[PDB]
There are 4 protein chains.
Amino acid sequence: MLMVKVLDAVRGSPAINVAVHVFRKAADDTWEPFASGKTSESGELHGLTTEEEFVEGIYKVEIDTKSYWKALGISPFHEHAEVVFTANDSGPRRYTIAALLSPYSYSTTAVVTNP
Amino acid sequence: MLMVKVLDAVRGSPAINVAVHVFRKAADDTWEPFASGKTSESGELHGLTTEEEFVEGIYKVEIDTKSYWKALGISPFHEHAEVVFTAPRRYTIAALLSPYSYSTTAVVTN
Amino acid sequence: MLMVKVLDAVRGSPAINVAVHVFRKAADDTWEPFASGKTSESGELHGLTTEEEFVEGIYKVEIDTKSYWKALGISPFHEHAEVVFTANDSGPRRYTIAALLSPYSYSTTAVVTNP
Amino acid sequence: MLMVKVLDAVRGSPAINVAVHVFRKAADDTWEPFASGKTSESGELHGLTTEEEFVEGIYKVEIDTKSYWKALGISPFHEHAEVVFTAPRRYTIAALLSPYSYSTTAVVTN
(Lines give C-alpha, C1' and ligand atoms only; values in the text may rest on other atoms or scores of the structure.)
Protein backbone atom coordinates (compact mmCIF):
# COMPACT_ATOMS: atom_id res chain seq x y z
CA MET A 1 0.00 0.00 0.00
CA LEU A 2 3.10 2.21 0.15
CA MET A 3 5.31 2.60 -2.89
CA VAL A 4 8.25 4.90 -3.59
CA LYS A 5 9.38 6.02 -7.04
CA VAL A 6 12.51 8.07 -7.69
CA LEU A 7 13.43 9.83 -10.93
CA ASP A 8 16.66 11.52 -12.07
CA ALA A 9 16.01 14.87 -13.82
CA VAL A 10 19.63 15.29 -14.98
CA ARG A 11 19.76 11.98 -16.89
CA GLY A 12 16.07 11.42 -17.72
CA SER A 13 16.05 7.98 -16.11
CA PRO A 14 14.90 6.10 -13.05
CA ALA A 15 17.06 6.67 -9.96
CA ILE A 16 18.57 3.24 -9.32
CA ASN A 17 19.92 1.93 -6.01
CA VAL A 18 18.68 4.81 -3.86
CA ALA A 19 18.42 3.90 -0.17
CA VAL A 20 14.99 4.52 1.38
CA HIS A 21 14.13 4.34 5.08
CA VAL A 22 10.58 4.49 6.45
CA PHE A 23 9.75 5.36 10.06
CA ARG A 24 6.54 5.53 12.07
CA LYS A 25 6.03 8.04 14.87
CA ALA A 26 5.57 6.16 18.15
CA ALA A 27 3.26 7.02 21.05
CA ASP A 28 6.19 8.72 22.79
CA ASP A 29 6.96 11.01 19.84
CA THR A 30 9.93 8.93 18.66
CA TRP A 31 10.62 7.63 15.15
CA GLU A 32 10.48 3.83 15.07
CA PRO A 33 12.16 2.06 12.15
CA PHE A 34 9.31 0.72 9.99
CA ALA A 35 10.88 -0.51 6.72
CA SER A 36 13.75 0.03 4.27
CA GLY A 37 14.98 -0.89 0.81
CA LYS A 38 16.64 0.30 -2.38
CA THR A 39 14.97 1.33 -5.61
CA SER A 40 15.05 -1.17 -8.49
CA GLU A 41 16.09 -0.65 -12.12
CA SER A 42 12.74 1.06 -12.67
CA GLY A 43 13.45 3.45 -9.81
CA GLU A 44 10.68 1.86 -7.75
CA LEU A 45 10.53 0.34 -4.29
CA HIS A 46 7.61 -2.00 -3.54
CA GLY A 47 6.69 -4.37 -0.74
CA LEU A 48 7.56 -2.07 2.16
CA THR A 49 4.46 -3.00 4.15
CA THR A 50 1.25 -5.02 4.39
CA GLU A 51 -2.32 -3.83 4.93
CA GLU A 52 -2.50 -5.33 8.44
CA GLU A 53 0.77 -3.68 9.46
CA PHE A 54 0.18 -0.30 7.81
CA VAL A 55 -1.99 1.20 10.51
CA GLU A 56 -3.15 4.76 10.97
CA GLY A 57 -0.34 7.12 11.95
CA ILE A 58 2.35 9.58 10.91
CA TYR A 59 5.07 8.16 8.69
CA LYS A 60 8.35 9.55 7.46
CA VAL A 61 10.05 8.44 4.23
CA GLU A 62 13.72 9.34 4.08
CA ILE A 63 15.40 9.11 0.69
CA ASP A 64 19.19 9.06 0.60
CA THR A 65 19.67 11.53 -2.26
CA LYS A 66 23.19 12.46 -1.11
CA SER A 67 24.78 9.05 -1.64
CA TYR A 68 23.14 8.85 -5.06
CA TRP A 69 24.74 12.06 -6.35
CA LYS A 70 28.11 11.34 -4.66
CA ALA A 71 28.34 8.08 -6.60
CA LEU A 72 27.86 10.03 -9.83
CA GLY A 73 30.70 12.37 -8.86
CA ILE A 74 28.37 15.28 -8.05
CA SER A 75 28.33 17.24 -4.79
CA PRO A 76 24.65 17.89 -4.10
CA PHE A 77 22.95 20.51 -1.92
CA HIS A 78 20.64 18.42 0.30
CA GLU A 79 21.69 15.84 2.88
CA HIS A 80 18.63 13.76 2.01
CA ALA A 81 14.97 14.15 1.10
CA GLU A 82 12.30 13.28 3.67
CA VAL A 83 8.53 13.18 3.29
CA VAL A 84 6.37 13.23 6.38
CA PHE A 85 2.65 12.62 6.29
CA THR A 86 -0.36 11.37 8.16
CA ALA A 87 -1.48 8.16 6.57
CA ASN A 88 -4.74 6.33 6.76
CA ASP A 89 -6.80 8.75 8.88
CA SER A 90 -10.06 7.99 7.02
CA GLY A 91 -9.43 4.39 5.98
CA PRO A 92 -6.82 2.44 3.94
CA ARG A 93 -5.41 4.03 0.78
CA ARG A 94 -2.65 3.10 -1.66
CA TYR A 95 0.17 5.65 -1.40
CA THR A 96 2.68 6.44 -4.08
CA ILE A 97 5.47 8.80 -3.06
CA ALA A 98 7.33 10.15 -6.08
CA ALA A 99 10.54 12.14 -5.98
CA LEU A 100 12.27 13.93 -8.84
CA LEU A 101 15.94 14.69 -8.21
CA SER A 102 18.36 17.37 -9.36
CA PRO A 103 21.55 18.24 -7.47
CA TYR A 104 20.20 21.54 -6.04
CA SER A 105 16.48 20.78 -6.24
CA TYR A 106 13.94 18.09 -5.62
CA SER A 107 10.24 17.64 -6.03
CA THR A 108 8.03 15.24 -4.16
CA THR A 109 4.48 14.30 -5.07
CA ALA A 110 1.94 11.97 -3.45
CA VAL A 111 -0.70 10.03 -5.36
CA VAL A 112 -3.38 8.54 -3.14
CA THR A 113 -5.91 6.09 -4.54
CA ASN A 114 -8.66 3.98 -2.99
CA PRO A 115 -8.10 0.23 -3.47
CA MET B 1 4.29 44.36 -15.59
CA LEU B 2 5.81 41.25 -17.17
CA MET B 3 8.94 39.73 -15.66
CA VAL B 4 10.76 36.43 -16.35
CA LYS B 5 13.01 34.64 -13.85
CA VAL B 6 15.00 31.51 -14.72
CA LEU B 7 16.79 29.22 -12.27
CA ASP B 8 19.26 26.39 -12.84
CA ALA B 9 18.44 23.37 -10.69
CA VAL B 10 21.70 21.59 -11.57
CA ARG B 11 24.17 24.24 -10.40
CA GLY B 12 21.96 26.02 -7.86
CA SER B 13 22.25 29.40 -9.54
CA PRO B 14 20.43 31.93 -11.67
CA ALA B 15 20.28 30.85 -15.31
CA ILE B 16 22.26 33.63 -16.92
CA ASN B 17 22.15 34.95 -20.45
CA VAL B 18 19.17 32.79 -21.47
CA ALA B 19 17.28 34.04 -24.52
CA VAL B 20 13.57 34.80 -24.06
CA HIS B 21 11.10 35.74 -26.81
CA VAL B 22 7.57 37.05 -26.18
CA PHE B 23 4.67 36.93 -28.63
CA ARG B 24 1.07 38.16 -28.75
CA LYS B 25 -1.68 36.24 -30.60
CA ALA B 26 -2.83 38.43 -33.50
CA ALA B 27 -6.36 39.28 -34.68
CA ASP B 28 -6.19 36.35 -37.09
CA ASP B 29 -4.42 33.41 -35.41
CA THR B 30 -0.75 34.34 -35.80
CA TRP B 31 1.94 34.97 -33.21
CA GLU B 32 3.45 38.40 -33.81
CA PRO B 33 6.77 39.32 -32.09
CA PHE B 34 6.27 41.55 -29.06
CA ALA B 35 9.48 41.67 -27.01
CA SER B 36 12.70 39.74 -26.35
CA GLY B 37 15.91 39.82 -24.30
CA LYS B 38 18.42 37.81 -22.30
CA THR B 39 18.34 37.17 -18.56
CA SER B 40 20.72 39.13 -16.32
CA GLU B 41 23.27 37.91 -13.74
CA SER B 42 20.32 37.35 -11.40
CA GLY B 43 18.48 35.24 -14.00
CA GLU B 44 15.85 37.93 -14.44
CA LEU B 45 14.52 39.79 -17.46
CA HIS B 46 12.67 43.08 -16.85
CA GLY B 47 11.41 45.97 -18.97
CA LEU B 48 9.80 43.83 -21.65
CA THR B 49 6.68 46.02 -21.77
CA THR B 50 4.77 49.08 -20.54
CA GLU B 51 1.29 49.30 -18.99
CA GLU B 52 0.04 51.01 -22.15
CA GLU B 53 1.30 48.45 -24.64
CA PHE B 54 0.49 45.44 -22.44
CA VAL B 55 -3.17 45.07 -23.35
CA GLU B 56 -5.54 42.18 -22.74
CA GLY B 57 -4.83 39.17 -24.93
CA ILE B 58 -3.09 35.82 -25.19
CA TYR B 59 0.70 35.84 -24.84
CA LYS B 60 3.43 33.27 -25.39
CA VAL B 61 6.80 33.34 -23.63
CA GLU B 62 9.43 31.18 -25.24
CA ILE B 63 12.59 30.32 -23.31
CA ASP B 64 15.62 29.01 -25.22
CA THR B 65 16.60 26.31 -22.72
CA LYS B 66 18.40 24.19 -25.35
CA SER B 67 21.11 26.77 -26.06
CA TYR B 68 21.58 27.24 -22.31
CA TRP B 69 22.37 23.58 -21.62
CA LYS B 70 24.55 23.19 -24.72
CA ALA B 71 26.77 26.04 -23.52
CA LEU B 72 27.27 24.09 -20.28
CA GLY B 73 28.16 20.94 -22.18
CA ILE B 74 25.00 19.07 -21.17
CA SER B 75 22.66 17.40 -23.65
CA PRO B 76 19.12 18.56 -22.93
CA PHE B 77 15.81 16.97 -23.80
CA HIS B 78 13.56 19.89 -24.77
CA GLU B 79 13.90 22.17 -27.78
CA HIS B 80 12.70 25.03 -25.60
CA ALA B 81 10.14 25.87 -22.93
CA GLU B 82 6.90 27.66 -23.79
CA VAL B 83 4.44 29.36 -21.48
CA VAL B 84 1.13 30.42 -23.04
CA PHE B 85 -1.42 32.36 -21.00
CA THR B 86 -4.25 34.89 -21.13
CA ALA B 87 -3.30 38.29 -19.84
CA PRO B 88 -4.72 42.73 -11.23
CA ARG B 89 -1.60 42.00 -13.15
CA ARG B 90 2.07 42.22 -12.51
CA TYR B 91 3.16 38.88 -13.99
CA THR B 92 6.22 36.99 -12.91
CA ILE B 93 6.82 33.86 -14.93
CA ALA B 94 9.32 31.62 -13.19
CA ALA B 95 11.01 28.61 -14.72
CA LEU B 96 13.21 26.08 -12.97
CA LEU B 97 15.48 24.14 -15.29
CA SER B 98 16.99 20.67 -15.31
CA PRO B 99 18.20 18.92 -18.48
CA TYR B 100 15.25 16.47 -18.68
CA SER B 101 12.62 18.36 -16.70
CA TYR B 102 11.44 21.90 -16.18
CA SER B 103 8.71 23.56 -14.16
CA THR B 104 7.04 26.89 -14.71
CA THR B 105 5.05 28.97 -12.26
CA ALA B 106 3.19 32.27 -12.57
CA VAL B 107 3.05 34.79 -9.71
CA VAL B 108 0.29 37.28 -10.31
CA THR B 109 -0.12 40.27 -8.01
CA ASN B 110 -1.92 43.61 -7.93
CA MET C 1 7.22 3.98 -27.63
CA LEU C 2 5.58 7.27 -26.61
CA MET C 3 3.53 7.47 -23.44
CA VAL C 4 1.99 10.42 -21.62
CA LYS C 5 1.19 10.53 -17.91
CA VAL C 6 -0.64 13.39 -16.21
CA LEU C 7 -0.94 13.98 -12.47
CA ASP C 8 -3.06 16.42 -10.45
CA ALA C 9 -1.08 18.10 -7.62
CA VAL C 10 -4.15 19.71 -6.02
CA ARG C 11 -6.04 16.42 -5.53
CA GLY C 12 -3.17 13.90 -5.35
CA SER C 13 -4.63 11.79 -8.15
CA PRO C 14 -4.21 10.92 -11.80
CA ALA C 15 -5.51 13.58 -14.20
CA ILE C 16 -8.40 11.83 -15.94
CA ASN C 17 -9.87 12.71 -19.35
CA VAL C 18 -7.19 15.22 -20.34
CA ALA C 19 -7.02 15.79 -24.11
CA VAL C 20 -3.57 15.23 -25.64
CA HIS C 21 -2.53 16.10 -29.20
CA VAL C 22 0.78 15.05 -30.76
CA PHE C 23 2.29 16.72 -33.83
CA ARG C 24 5.38 16.09 -35.94
CA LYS C 25 7.30 18.91 -37.60
CA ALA C 26 7.15 18.46 -41.38
CA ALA C 27 9.86 19.15 -43.95
CA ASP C 28 8.30 22.56 -44.60
CA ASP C 29 8.41 23.60 -40.93
CA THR C 30 4.71 22.92 -40.34
CA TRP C 31 3.13 20.88 -37.55
CA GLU C 32 1.43 17.77 -38.94
CA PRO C 33 -1.17 16.06 -36.77
CA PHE C 34 0.45 12.82 -35.58
CA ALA C 35 -1.84 11.34 -32.89
CA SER C 36 -4.34 12.19 -30.14
CA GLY C 37 -6.20 10.73 -27.19
CA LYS C 38 -7.40 11.25 -23.64
CA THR C 39 -5.79 10.03 -20.45
CA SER C 40 -7.34 6.98 -18.75
CA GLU C 41 -8.38 6.50 -15.11
CA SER C 42 -4.69 6.05 -14.30
CA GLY C 43 -3.87 9.37 -15.94
CA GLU C 44 -2.01 7.58 -18.72
CA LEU C 45 -2.25 7.63 -22.49
CA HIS C 46 -0.73 4.67 -24.37
CA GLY C 47 -0.78 3.43 -27.94
CA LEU C 48 -0.15 6.77 -29.64
CA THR C 49 2.32 5.33 -32.14
CA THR C 50 4.17 2.28 -33.46
CA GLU C 51 7.92 1.73 -33.86
CA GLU C 52 7.72 1.80 -37.68
CA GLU C 53 5.76 5.06 -37.65
CA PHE C 54 7.72 6.82 -34.90
CA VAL C 55 10.60 8.01 -37.03
CA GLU C 56 13.36 10.44 -36.21
CA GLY C 57 12.12 14.03 -35.91
CA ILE C 58 10.84 16.86 -33.75
CA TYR C 59 7.57 16.18 -31.98
CA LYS C 60 5.24 18.38 -29.98
CA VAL C 61 2.90 17.07 -27.27
CA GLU C 62 0.11 19.47 -26.41
CA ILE C 63 -1.81 18.80 -23.22
CA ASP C 64 -5.15 20.53 -22.76
CA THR C 65 -4.69 21.62 -19.14
CA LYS C 66 -7.20 24.48 -19.49
CA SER C 67 -10.27 22.33 -20.14
CA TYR C 68 -9.27 20.09 -17.24
CA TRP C 69 -9.28 22.89 -14.67
CA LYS C 70 -12.39 24.58 -16.15
CA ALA C 71 -14.35 21.37 -15.60
CA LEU C 72 -13.32 21.45 -11.93
CA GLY C 73 -14.59 25.02 -11.63
CA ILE C 74 -11.08 26.52 -11.50
CA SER C 75 -9.78 29.31 -13.75
CA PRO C 76 -6.18 28.33 -14.51
CA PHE C 77 -3.23 30.42 -15.69
CA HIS C 78 -1.99 28.52 -18.76
CA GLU C 79 -3.87 27.96 -22.01
CA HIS C 80 -2.28 24.53 -22.31
CA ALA C 81 1.01 22.74 -21.70
CA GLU C 82 3.19 21.77 -24.67
CA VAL C 83 6.39 19.74 -24.74
CA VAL C 84 8.62 19.93 -27.79
CA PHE C 85 11.56 17.63 -28.31
CA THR C 86 13.79 15.93 -30.81
CA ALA C 87 13.07 12.24 -30.70
CA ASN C 88 15.06 9.32 -31.90
CA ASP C 89 18.24 11.06 -33.13
CA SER C 90 20.53 8.19 -32.04
CA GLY C 91 18.15 5.24 -32.41
CA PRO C 92 14.74 4.17 -31.01
CA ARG C 93 13.94 4.89 -27.36
CA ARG C 94 10.84 4.54 -25.19
CA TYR C 95 9.62 7.99 -24.18
CA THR C 96 7.53 8.79 -21.15
CA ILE C 97 6.33 12.38 -20.90
CA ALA C 98 5.04 13.18 -17.42
CA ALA C 99 3.19 16.32 -16.42
CA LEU C 100 2.25 17.47 -12.93
CA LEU C 101 -0.53 20.07 -12.85
CA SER C 102 -1.48 22.90 -10.52
CA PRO C 103 -3.66 25.83 -11.60
CA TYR C 104 -0.76 28.35 -11.78
CA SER C 105 2.11 25.90 -12.28
CA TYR C 106 3.10 22.80 -14.13
CA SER C 107 6.08 20.52 -14.31
CA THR C 108 7.05 18.28 -17.17
CA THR C 109 9.61 15.49 -17.05
CA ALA C 110 10.88 13.06 -19.69
CA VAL C 111 12.07 9.53 -18.95
CA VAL C 112 13.92 7.93 -21.83
CA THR C 113 14.82 4.24 -21.74
CA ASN C 114 16.37 1.86 -24.25
CA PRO C 115 14.05 -1.03 -25.18
CA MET D 1 23.04 35.16 4.10
CA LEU D 2 20.07 32.82 4.51
CA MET D 3 16.76 33.69 2.86
CA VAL D 4 13.53 31.68 2.41
CA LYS D 5 10.96 32.29 -0.34
CA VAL D 6 7.65 30.43 -0.53
CA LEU D 7 5.25 30.42 -3.48
CA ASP D 8 1.68 29.14 -3.78
CA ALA D 9 1.17 27.18 -6.99
CA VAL D 10 -2.61 26.98 -6.54
CA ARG D 11 -3.38 30.71 -6.34
CA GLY D 12 -0.34 32.04 -8.22
CA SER D 13 0.84 34.21 -5.36
CA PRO D 14 3.43 34.52 -2.61
CA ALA D 15 2.67 32.21 0.30
CA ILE D 16 2.10 34.73 3.04
CA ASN D 17 2.47 34.38 6.77
CA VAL D 18 3.93 30.85 6.58
CA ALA D 19 5.87 29.78 9.67
CA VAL D 20 9.52 28.79 9.16
CA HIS D 21 11.84 27.29 11.79
CA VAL D 22 15.61 26.89 11.36
CA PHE D 23 17.84 24.47 13.26
CA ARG D 24 21.55 23.68 13.48
CA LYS D 25 22.85 20.15 14.16
CA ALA D 26 24.60 20.22 17.54
CA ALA D 27 27.97 18.76 18.59
CA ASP D 28 26.18 15.60 19.71
CA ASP D 29 23.40 14.76 17.22
CA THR D 30 20.60 17.10 18.30
CA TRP D 31 18.82 19.87 16.44
CA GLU D 32 19.07 23.08 18.46
CA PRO D 33 16.79 26.04 17.56
CA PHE D 34 18.60 28.73 15.59
CA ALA D 35 16.06 31.14 14.08
CA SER D 36 12.40 31.41 13.07
CA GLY D 37 9.85 33.78 11.54
CA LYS D 38 6.90 34.15 9.19
CA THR D 39 7.04 35.04 5.50
CA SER D 40 6.13 38.58 4.44
CA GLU D 41 3.58 39.82 1.86
CA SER D 42 6.13 38.87 -0.80
CA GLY D 43 6.47 35.32 0.59
CA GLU D 44 10.00 36.03 1.76
CA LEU D 45 11.74 35.71 5.11
CA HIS D 46 14.98 37.66 5.62
CA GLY D 47 17.25 38.54 8.54
CA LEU D 48 17.37 35.05 10.01
CA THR D 49 21.12 35.25 10.64
CA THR D 50 24.37 37.23 10.49
CA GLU D 51 27.67 36.34 8.80
CA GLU D 52 29.25 35.89 12.23
CA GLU D 53 26.68 33.51 13.67
CA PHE D 54 26.17 31.58 10.41
CA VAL D 55 29.10 29.19 10.73
CA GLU D 56 29.86 26.01 8.82
CA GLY D 57 27.58 23.14 9.75
CA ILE D 58 24.44 21.21 8.89
CA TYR D 59 21.17 23.17 8.97
CA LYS D 60 17.50 22.23 8.76
CA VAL D 61 14.78 24.56 7.52
CA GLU D 62 11.28 23.49 8.44
CA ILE D 63 8.31 25.06 6.65
CA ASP D 64 4.84 24.74 8.21
CA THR D 65 2.96 24.02 4.99
CA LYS D 66 0.11 22.20 6.77
CA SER D 67 -1.10 25.26 8.70
CA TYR D 68 -0.91 27.29 5.48
CA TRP D 69 -3.27 25.03 3.51
CA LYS D 70 -5.67 24.58 6.44
CA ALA D 71 -6.13 28.35 6.65
CA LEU D 72 -7.17 28.29 2.98
CA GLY D 73 -9.64 25.49 3.62
CA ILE D 74 -7.67 22.90 1.65
CA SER D 75 -6.67 19.51 3.05
CA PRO D 76 -2.95 19.01 2.47
CA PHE D 77 -0.92 15.84 2.32
CA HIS D 78 2.34 16.71 4.10
CA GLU D 79 2.82 17.52 7.77
CA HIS D 80 5.46 20.05 6.75
CA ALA D 81 8.37 20.52 4.35
CA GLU D 82 11.96 20.05 5.50
CA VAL D 83 15.15 21.12 3.78
CA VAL D 84 18.39 19.77 5.27
CA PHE D 85 21.75 20.87 3.88
CA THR D 86 25.42 21.48 4.68
CA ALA D 87 26.34 25.12 4.90
CA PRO D 88 30.57 31.24 -1.46
CA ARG D 89 27.30 31.42 0.35
CA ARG D 90 24.28 33.59 0.22
CA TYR D 91 21.57 30.90 0.41
CA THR D 92 18.11 31.28 -0.99
CA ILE D 93 15.89 28.31 -0.27
CA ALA D 94 12.82 28.40 -2.47
CA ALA D 95 9.76 26.24 -2.05
CA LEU D 96 6.80 25.95 -4.40
CA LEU D 97 3.66 24.61 -2.78
CA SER D 98 0.68 22.58 -3.93
CA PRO D 99 -1.53 20.56 -1.57
CA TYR D 100 -0.14 17.14 -2.63
CA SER D 101 3.25 18.14 -3.99
CA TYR D 102 6.03 20.57 -3.23
CA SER D 103 9.40 21.36 -4.73
CA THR D 104 12.39 22.99 -3.12
CA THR D 105 15.38 24.63 -4.78
CA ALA D 106 18.55 26.23 -3.42
CA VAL D 107 20.16 29.25 -5.09
CA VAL D 108 23.70 29.67 -3.87
CA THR D 109 25.71 32.72 -4.88
CA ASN D 110 28.88 34.54 -3.86
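So that the names make sense, note that chain A is the first sequence line, chain B the second, and so on, each numbered from 1.
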So do [Y] and [X] actually touch side chain to side chain, heavy atoms under 4.5 Å?
X	Y	answer
A:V84	D:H80	yes
C:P92	C:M1	yes
C:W69	C:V10	yes
C:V61	C:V20	yes

Go through the structure and list residues passing side chain to side chain contact (heavy atoms under 4.5 Å, CB included) with [X], not counting sequence neighbours.
X	answer
B:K66	B:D64, B:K70, B:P76, B:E79, C:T86
C:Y106	B:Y102, B:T104, C:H78, C:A81, C:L101
C:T113	A:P14, C:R94, C:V111
D:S75	none

Nearest 0.5 Å, please: how far is [atom2] in [Y] from [atom1] in [X]?
X	Y	atom1	atom2	answer
B:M3	B:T92	CE	OG1	4.0 Å
D:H21	D:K38	NE2	NZ	8.5 Å
C:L2	C:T50	CG	OG1	11.5 Å
D:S67	D:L72	OG	CG	11.0 Å
A:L45	A:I97	CG	CD1	12.0 Å

Non-neighbouring partners of [X] that pass side-chain hydrogen bond (donor to acceptor under 3.5 Å, both in side chains), sequence neighbours left out:
X	answer
A:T109	D:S101
A:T49	A:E53
C:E51	none

Name each donor-acceptor pair under 3.5 Å that joins a side chain in residues 22-37 of chain A to protein atoms two or more places apart or in another chain, with its distance.
unit_1, atom_1, unit_2, atom_2, d
A:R24, NH2, A:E56, O, 2.9
A:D28, OD1, A:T30, N, 3.2
A:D28, OD1, A:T30, OG1, 2.5
A:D28, OD2, A:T30, OG1, 3.3

Smallest separation among heavy atoms of B:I63 and B:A95, with atom names = CD1-CB, 4.1 Å
Would you find a donor on one side and an acceptor on the other, under 3.5 Å apart, between the side chain of D:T39 and the backbone of D:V18?
-> yes
May I ask you to decide if C:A9's main-chain N or O and D:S98's side chain share a donor-acceptor pair within less than 3.5 Å?
-> no
Who are the ring-ring contact (aromatic ring centres under 6.0 Å, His included) partners of D:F77, not counting sequence neighbours?
-> A:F85, D:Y100
Selection residues 10-21 of chain B - residue pairs positive for salt bridge (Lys or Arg N to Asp or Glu O under 4.0 Å), sequence neighbours left out = B:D8-B:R11
Under the salt bridge (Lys or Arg N to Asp or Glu O under 4.0 Å) test, which residues partner D:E82, sequence neighbours left out?
-> D:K60
Using the test salt bridge (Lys or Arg N to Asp or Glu O under 4.0 Å), find all partners of A:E44 that sit at least two apart in sequence or belong to another chain.
-> A:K5
Step by step, would you call C:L48 with C:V4 a side chain to side chain contact (heavy atoms under 4.5 Å, CB included)?
-> CA-CA 9 Å; C:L48 287 172; C:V4 178; 4.3 Å; yes
Pair B:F85-B:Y91, ring pair (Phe, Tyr, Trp, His ring centres under 6.0 Å): steps then yes or no | CA-CA 11 Å; B:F85 65 95; B:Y91 294 80; 5.8 Å; yes
